[PDB]
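>>> Experimental structure and sequence below, a few questions after.
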Amino acid sequence: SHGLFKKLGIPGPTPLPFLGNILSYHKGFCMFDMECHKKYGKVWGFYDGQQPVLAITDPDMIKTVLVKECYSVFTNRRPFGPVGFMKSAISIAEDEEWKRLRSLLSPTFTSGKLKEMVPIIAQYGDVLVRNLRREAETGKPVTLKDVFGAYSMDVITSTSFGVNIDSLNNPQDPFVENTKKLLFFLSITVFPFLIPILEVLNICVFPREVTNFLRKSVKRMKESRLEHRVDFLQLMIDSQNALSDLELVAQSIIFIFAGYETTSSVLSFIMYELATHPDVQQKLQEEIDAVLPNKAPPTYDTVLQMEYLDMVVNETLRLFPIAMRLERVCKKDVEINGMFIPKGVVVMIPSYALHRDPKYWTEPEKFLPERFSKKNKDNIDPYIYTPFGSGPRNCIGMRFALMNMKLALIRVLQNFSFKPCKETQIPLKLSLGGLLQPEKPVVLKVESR
Ligand code: HEM
Ligand SMILES: CC(C)c1nc(CN(C)C(=O)N[C@H](C(=O)N[C@@H](Cc2ccccc2)C[C@H](O)[C@@H](N)Cc2ccccc2)C(C)C)cs1
């Protein structure tokens, strides 16, 4: 196994027996990939345990793996841990099973279902500013992930399920509290031969306590709808006239998690960039005041007209690409762009590394929204810039995410400016676990306009 890259003539860091390159992870995924990129160039190989990984950085090659040969060769992500009934979730599902779920869930986020959600998301936006207004009344430092996550949970559960769980007004919220706790891998990558063992043992990477709750909760929601609109929950209900009850719950838990956690983390990172770059925050507030005169309620069309808001969201996602790597399993021997790729190798695209690459971005360490204007919208390669992946298995929730984040942004900036305080960690630093998160929570002061 460990001589494979040697044999192909692919450079990379020498593997230890059994562990592979796992120890290099002490400094985090991001740095490992950044160093390997500097040291080895456009292509390199390394071993997660005994699992060979081929990192690629050449735009043409990326397109081929993410786009042209998605269905034939590069359809699936790496098999994932002991997972239970969560095996059925779209992100983990494989080949035909993946295709039919993708096709079933693809309509959840069409243009028109987005537009029809703006009314709903906007009622939560007002509750969000109402919450932040009270906290601004005291001058108390705000941990934005709490306030953003409560908002994110309300939005996803009401857009997807038709239920107002009222997370914003409820400090003890079971949904938030459970959904976060659903979060070892070191031991297993050194030993993947264990995962199939842990089916028998029916243990999981999330507590039974959390999946119990969510199963119950979504079941209640289904039955509620059975005893109106067309959402994510109807789509799955309609298919059941070929989805099973467990499959339905599986997709629910993915959407619930992603709608809650990804949106809230990115929103906190944006606010951090706006707090530390007052001029960018000022200029964003001027665009929003000019598109929405006199604090006017956001609409679908008006969100599309905010060119600077889009540049700020994109630039934050360049610096903070919460996936950090994209992956696909090579499912049969193939040669693409002059290079041979054997079957069962993981092909990996190091987005975080590429987002910071001086060949592609001038001053890539700096928050510079203007790199995303129509002036430069063309100097930016879509295979280098991948905050949401690319091709047929890109992030299905991408437009939901952008719209939801933008609406939260318009509302909050229409009412407040954000500033650092004694509690903000300046130079923000990143946690060194396998999740793109701040070392400390983003805390900022909130002031009324
Ligand atoms: C800013 C927020 C988000 C970011 C940056 C993000 C990013 C990603 C990325 C990088 C991937 C891998 C795509 C690829 O491999 O090419 C992905 C996949 C996925 N995302 Fe997101 N995502 C976000 C929000 C969401 C939301 C809100 C949802 C659900 C409503 C969602 C649902 C999914 C699903 C179901 C997949 C797997 C799709 C499939 O396997 O067919 N994401 N996302
Ligand atoms: C950082 C990256 C290298 C990885 N993270 C993981 C584990 N996690 C935490 C994960 O969400 N995994 C995936 C999943 O289904 N990710 C969901 C949600 C979810 C997973 C497990 C349980 C509950 C919800 C996340 C979300 O759908 C995207 N919108 C966010 C995303 C995508 C790719 C990589 C990183 C983040 C799956 C690839 C195992 C494995 S590899």
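Received the coordinates, thanks. Numbers count the residues shown, from 1 in each chain. Ligands and ions are numbered 1, 2, ... in the order given.

>>> I'd assumed residue 417 was in a strand, is it?
Yes - the assignment for residue 417, made by DSSP: H, G, I helix; E, B strand; the rest coil, places it in a strand.

>>> Could you pull up phi and psi at the residue nearest to it when sequence neighbours are not counted?
Spatial nearest neighbour of residue 417, excluding adjacent residues (Cβ to Cβ, 6 or more residues apart in numbering): residue 447 at 5.2 Å. To be clear about C-beta, it is placed using only N, CA and C from the backbone, and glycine gets the same treatment. Dihedral pair for residue 447: phi -130, psi 140, per degrees, to the nearest 10.

>>> Tell me, how many residues neighbour residue 447?
12 (other Cβ atoms under 10 Å).

>>> any idea how far residue 278 is from it?
12 Å (Cβ to Cβ, to the nearest Å).

>>> picking that back up, who touches the residue nearest to residue 417 in this structure?
Residue 447 makes contacts with 136, 416-419, as judged by Cβ atoms under 8 Å, 6 or more residues apart in numbering.

>>> okay if I get those residues as CSV plus distance to residue 95?
As requested, the contacts of residue 447 are exported to CSV (distance: Cβ to Cβ, whole Å):
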residue, distance to residue 95
136, 51
416, 48
417, 50
418, 46
419, 50
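
>>> Any of the residues you listed buried? List them.
Neighbour-count burial (16 or more other Cβ atoms under 10 Å) is assigned, among the contacts of residue 447, to 136, 416-418.

>>> now the residue in the stretch 101-250 of the chain that ligand 2 sits nearest to, nearest residue through space, not along the chain?
Across the stretch 101-250 of the chain, no residue is closer to ligand 2 than residue 182, which sits at 5.6 Å (Cβ to the nearest ligand atom). Among residues not flanking residue 182 along the chain, residue 206 sits closest, at 4.0 Å (Cβ to Cβ, 6+ apart).

>>> tell me the SS of that neighbour?
Going by three-state DSSP, the secondary structure assigned to residue 206 is coil.

>>> Around ligand 1, which positions in the stretch 101-250 of the chain sit nearby?
Proximity of the stretch 101-250 of the chain to ligand 1 (Cβ under 6 Å from any ligand atom) is limited to residues residue 102.

>>> any chance you could map the helices in the stretch 101-250 of the chain?
Counting by DSSP state H, counting those that start in this stretch, the stretch 101-250 of the chain has helices at residues 111-138, 144-161, 174-181, 185-189, 197-200, 208-226, 232-239, 245-275.

>>> among the ones you listed, which is the most enclosed?
A comparison of the helices of the stretch 101-250 of the chain by mean neighbour count, using mean count of other Cβ atoms under 10 Å, puts helix 144-161 on top with a mean of 25.

>>> Does it reach ligand 2?
No - with Cβ under 6 Å from any ligand atom as the measure, helix 144-161 is seen stopping short of ligand 2, the closest distance being 11.5 Å.

>>> tell me which element residue 445 falls in.
Taking DSSP states H and E as the criterion, the element that holds residue 445 is strand 443-448.

>>> Pairing partners for that strand, with directions?
strand 142-143 (antiparallel), strand 416-419 (antiparallel) (DSSP bridges).

>>> As JSON lines, those with distance to ligand 2 would be great.
Supplementary listing: the strands paired with strand 443-448 in JSON lines, determined by distance: least, Cβ to the nearest ligand atom, whole Å:
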{"stretch": "strand 142-143", "distance to ligand 2": "21"}
{"stretch": "strand 416-419", "distance to ligand 2": "25"}
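
>>> export these to a markdown table and tack on distance to residue 173?
Putting the strands paired with strand 443-448 into a markdown table (distance: least, Cβ to Cβ, whole Å) gives the following:
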| stretch | distance to residue 173 |
| --- | --- |
| strand 142-143 | 15 |
| strand 416-419 | 23 |
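
>>> and of these, who's closest to residue 42?
strand 416-419 (39.8 Å; Cβ to Cβ).
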